[PDB]
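Asker: here is my input; please provide its structure:
(6 chains)
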Amino acid sequence: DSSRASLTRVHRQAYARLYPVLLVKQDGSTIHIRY
Amino acid sequence: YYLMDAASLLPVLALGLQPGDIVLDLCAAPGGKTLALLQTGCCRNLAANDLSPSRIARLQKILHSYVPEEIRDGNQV
Amino acid sequence: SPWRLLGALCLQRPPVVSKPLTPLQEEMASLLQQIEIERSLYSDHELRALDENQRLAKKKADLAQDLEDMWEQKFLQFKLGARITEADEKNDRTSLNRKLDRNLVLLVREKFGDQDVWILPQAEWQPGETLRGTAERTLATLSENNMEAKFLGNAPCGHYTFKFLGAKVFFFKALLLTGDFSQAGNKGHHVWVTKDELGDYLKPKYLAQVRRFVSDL
Amino acid sequence: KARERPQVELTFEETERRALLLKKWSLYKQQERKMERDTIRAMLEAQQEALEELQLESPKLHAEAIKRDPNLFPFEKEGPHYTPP
Amino acid sequence: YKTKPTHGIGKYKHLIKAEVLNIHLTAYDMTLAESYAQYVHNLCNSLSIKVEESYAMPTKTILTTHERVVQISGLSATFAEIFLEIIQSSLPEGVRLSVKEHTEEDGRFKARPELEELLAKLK
RNA sequence: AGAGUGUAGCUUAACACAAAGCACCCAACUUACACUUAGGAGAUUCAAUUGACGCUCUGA
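Answerer: Residues are numbered from 1 along each chain as shown, chains lettered A, B, ... in the order given. Sharing the structure here:
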């Protein structure tokens, strides 16, 4: 059950806006990373 | 400020102190070098030791009078 | 005491595709996004998104959107890999890519003397080898391909004894990350079977109890 | 400048979701912990029974069964992914 | 009092005493790693598994990835089976799962309360 | 096919004046745990001491 743990909000009091940026670098693999 | 021989300040400079380092001072009292180690601000935890409680008393006095309570906290010194 | 020398290997292939979202999950995804954005100090993107746009508006009265555009539309035509490679075959149980959102077990057809039934791969245990060693032996004998199945700790997961003389079978797990099959059309009848049809796969009552040590997840 | 989003207040409509959907989380997570614990119980009982059965059959084989595996020293494993490489 | 049958009813310190795996959970996202670390720790607490520390060493210089570690102990070889299976299944997004060991080369700063009895037994 | 049993995970807790007391779950403080705070889901298996629905063990 990857789905429940995957989407989480960080418990830091102050952080910049996180957009789910796609991470591909000639690896053929899609990863959604907040940047 | 603290008046002390600038010679005694050299061994503290001789330590390549980095932030988050754990410092042991086997002979602390009366102080001077210990105060300098505290002034560095790179030491996470301080260990101060001396055999004679007479001398450690004046060590306690000087670190109390010079160093605020905020920095002492819990087992940082 | 008379015993039939049997052993079993559970080849639980891990999911390759992430589990689908229940309605509540995407509902809360949008929600947590809202909470996330509502508590922030400043972000470098908002400087170009709003601030420079505002002063540009002031300049005009007397673009971040543009650079966001090309980002968006470039990967639209550059189509990524298929999330679901399940539905295209729909029937290829022999294929590794049959179901990738759930744990699957490799299952072979055994041909016994007096009963003909689909059972989990067998292992003929020897007193020379250890119980664990039996599982490793049957990698090449039954699958005849490339194996990189990871073997965890030695422990009996389950035990079943059936009498016609008697039989004894012990179950051990293994993790097979990649199961590329050299001979797709091998004589051996091997299929990758999900948990939900695993019950319908085998007929016996006694070996239906297997479900206890194999998790659906 | 150190102020992104000052005001985020809204009508009771938002709070209705904020509350009830969080209660739905409590329910949803309740079911999943129950089934997690179900697997726990099922697993430990299964291995226990199996080991007992091996023990009574052969006293020497269960001894070699309960060794810790040296292959779990460099144990490295991944899990699920978005799309296959 | 010694001779009275109530003796040693005040005894308390006999009830107390006055006298290993590492799990790596690296992810690029900083909103993900600690969440799963939390989850694993919660599983450990429930099944009576001893935990040492959740240490974090700094982000690699640039692009930037950070490592979250959980120390665990008291795990049996038999119980490992169940435990490791769950922590493998619960893997969120391509997180490197490691099991590292203290190799007798990986000392602690003792507290003042702990030191006095240590000194008493030393001499 | 027989042999036993039955309260949400546990407890004979239950005279009532009630179906109780620990376990459990998200939320904020926390690297975390934990404590505390603010919330949620819970049962006396079904029909009149008896009979049959669920579980368990022996029946090839």
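Asker: going forward, measure contacts between C-alpha atoms and count neighbours the same way
Answerer: OK.
Asker: what about the longest helix in chain B?
Answerer: In chain B, with assignment by DSSP state H, the single longest helix is helix B:53-66.
Asker: stretch D:63-70 near chain E anywhere?
Answerer: Yes: for stretch D:63-70 and chain E, the contact criterion (CA under 8 Å from any CA of the partner chain) is met by D:66, D:67, D:68, D:69.
Asker: identify the residue spatially nearest to the third one, adjacent ones excluded.
Answerer: Okay, so that is residue D:68. residue E:77 (5.3 Å; CA to CA, 6 or more residues apart in numbering or on different chains).
Asker: still on that earlier bit, format the residues of stretch D:63-70 next to chain E as a markdown table; extra columns: neighbour count and secondary structure.
Answerer: Formatted as a markdown table, those follow (neighbours: other CA atoms under 10 Å in any protein chain shown; DSSP: H, G, I helix; E, B strand; the rest coil):
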| residue | neighbour count | secondary structure |
| --- | --- | --- |
| D:66 | 16 | coil |
| D:67 | 13 | coil |
| D:68 | 16 | coil |
| D:69 | 12 | coil |
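Asker: report the contact partners of residue C:170.
Answerer: Residues near residue C:170 by CA atoms under 8 Å, 6 or more residues apart in numbering or on different chains: C:6, C:7, C:8, C:156, C:157, C:158, C:159, C:160, D:50.
Asker: swap the cut-off to 7 Å and go again
Answerer: By CA atoms under 7 Å, 6 or more residues apart in numbering or on different chains, the contact set of residue C:170 is C:7, C:8, C:156, C:158, C:159, C:160.
Asker: in strands, which of those appear?
Answerer: C:7, C:8, C:158, C:159, C:160 (DSSP state E).
Asker: of all those, which comes closest to residue A:23?
Answerer: Within the ones in strands among the contacts of residue C:170, the smallest distance to residue A:23 is 40.8 Å, found for residue C:8 (CA to CA).
Asker: show me what that closest one is bridged to.
Answerer: Bridge pairing for residue C:8 (DSSP bridges) gives the partners residue C:122, residue C:171.
Asker: who are the contact partners of it?
Answerer: Contacts of residue C:8 by CA under 7 Å, 6+ apart are C:120, C:121, C:122, C:123, C:135, C:169, C:170, C:171, C:172.
Asker: what about the lengthiest helix in chain D and chain A, touching?
Answerer: Across chain D, the longest stretch assigned as helix under DSSP H is helix D:12-57. No: contact of helix D:12-57 with chain A (CA under 7 Å from any CA of the partner chain) is absent, the minimum separation being 9.4 Å.
Asker: what's that helix packed up against?
Answerer: The elements that helix D:12-57 packs onto, with contact taken as 3 or more CA pairs under 7 Å, 6 or more residues apart in numbering or on different chains; DSSP states H and E, are strand C:158-160, helix D:61-65.
Asker: as JSON lines, those with distance to residue C:58 would be great.
Answerer: Conversion of the helices and strands packed on helix D:12-57 to JSON lines gives the following (distance: least, CA to CA, whole Å):
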{"stretch": "strand C:158-160", "distance to residue C:58": "75"}
{"stretch": "helix D:61-65", "distance to residue C:58": "78"}
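Asker: which of those sits closest to residue B:32?
Answerer: Using CA to CA, the nearest of the helices and strands packed on helix D:12-57 to residue B:32 is helix D:61-65, at 63.5 Å.
Asker: from the chain's centroid, how far away is the helix or strand following the closest one?
Answerer: Downstream of helix D:61-65, the first helix or strand assigned by DSSP states H and E is strand D:76-77. Relative to its chain's centre, strand D:76-77 lies at 17 Å (CA atoms, centre = their mean, to the nearest Å).
Asker: need the residues of chain C near chain E, please.
Answerer: C:153, C:155.
Asker: same thing but at 8 Å, please
Answerer: With CA under 8 Å from any CA as the criterion, chain C meets chain E at residues C:14, C:152, C:153, C:154, C:155, C:217.
Asker: what does chain B give?
Answerer: Within chain B, the residues that sit near chain E (CA under 8 Å from any CA) are residue B:75.
Asker: where do the strands sit along chain B?
Answerer: Using DSSP E, strands in chain B cover B:21-25, B:43-48.
Asker: which one of these lies closest to chain A?
Answerer: For chain A, the closest of the strands of chain B is strand B:43-48, at 23.5 Å, according to CA to the nearest CA.
Asker: quickly run through the sheet partners of that closest one, with directions.
Answerer: Here, using DSSP bridges, strand B:43-48 pairs with strand B:21-25 (parallel).
Asker: for the strand it pairs with, buried residues please.
Answerer: Neighbour counts over strand B:21-25 (16 or more other CA atoms under 10 Å in any protein chain shown) mark residue B:23 as buried.
Asker: for RNA strand F, what's the nearest residue on chain C?
Answerer: Residue of chain C nearest RNA strand F, by CA to the nearest atom of the strand: residue C:164 (4.8 Å).
Asker: which residues touch that residue?
Answerer: Listed by CA under 8 Å, 6+ apart, residue C:164 has no contact partners.
Asker: so which residues make contact with stretch E:26-45?
Answerer: When contacts are defined by CA under 8 Å, 6+ apart, stretch E:26-45 is touched by residues A:5-10, A:33-35, E:25, E:50-51, E:64-70, E:87, E:92, E:94-97.
Asker: with adjacent residues omitted, what lies nearest to the residue nearest the centre of chain B?
Answerer: Centre of chain B computed as the mean C-alpha position; nearest residue by CA atoms, centre = their mean is residue B:34, 2.1 Å away. Nearest residue to residue B:34, sequence neighbours excluded (CA to CA, 6+ apart): residue B:28, at 6.2 Å.
Asker: I figured that neighbour was touching residue B:48, is that so?
Answerer: Yes: counting by CA atoms under 8 Å, residue B:28 touches residue B:48, with 5.4 Å between them.
Asker: mutual contacts of these two, please.
Answerer: What both residue B:28 and residue B:48 touch, as defined by CA under 8 Å, 6+ apart, is the set residue B:34.
Asker: so the closest residue to residue B:32 other than its chain neighbours versus residue B:30, what's the distance?
Answerer: Once flanking residues are discounted, residue B:32 sits nearest to residue B:4: 6.9 Å by CA to CA, 6+ apart. Between residue B:4 and residue B:30 the computed distance is 12 Å (CA to CA, to the nearest Å).
Asker: of the two, which one has the most company?
Answerer: Shown here are residue B:4 and residue B:30; by other CA atoms under 10 Å in any protein chain shown, residue B:30 has more neighbours (18 against 10).
Asker: hang on, the earlier thing: now, of the residues of chain C next to chain E, which are buried?
Answerer: C:14, C:152, C:153, C:154, C:155.
Asker: take the residues you listed and write them to a markdown table, including secondary structure.
Answerer: Putting these into a markdown table (DSSP: H, G, I helix; E, B strand; the rest coil) gives the following:
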| residue | secondary structure |
| --- | --- |
| C:14 | coil |
| C:152 | coil |
| C:153 | coil |
| C:154 | coil |
| C:155 | coil |
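Asker: same list (the residues you listed) but as CSV, adding distance to chain D.
Answerer: Below are these laid out as CSV (distance: CA to the nearest CA, whole Å):
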residue, distance to chain D
C:14, 7
C:152, 7
C:153, 5
C:154, 6
C:155, 6
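Asker: near chain A, list only the ones from these.
Answerer: Of those, not one also sits near chain A (CA under 8 Å from any CA).
Asker: out of the residues you listed, which is nearest to residue C:98?
Answerer: Lowest distance from residue C:98 to these (CA to CA) belongs to residue C:14, with 12.6 Å.
Asker: would you agree the closest one is in contact with residue D:79?
Answerer: Yes: with the criterion set as CA under 8 Å, residue C:14 and residue D:79 qualify as a contacting pair; they are 6.7 Å apart.
Asker: please report the distance of the closest residue to residue C:43 other than its chain neighbours from residue E:35.
Answerer: Residue nearest to residue C:43 in three dimensions, not counting chain neighbours: residue A:16, with 4.8 Å by CA to CA, 6+ apart. Residue A:16 sits 19 Å away from residue E:35, going by CA to CA.
Asker: swap in residue E:45?
Answerer: 16 Å.
Asker: compare neighbour counts for the two and give me the winner.
Answerer: residue E:35 (18 against 11).
Asker: check which helix or strand that one maps to.
Answerer: Using DSSP H and E, residue E:35 falls in helix E:33-46.
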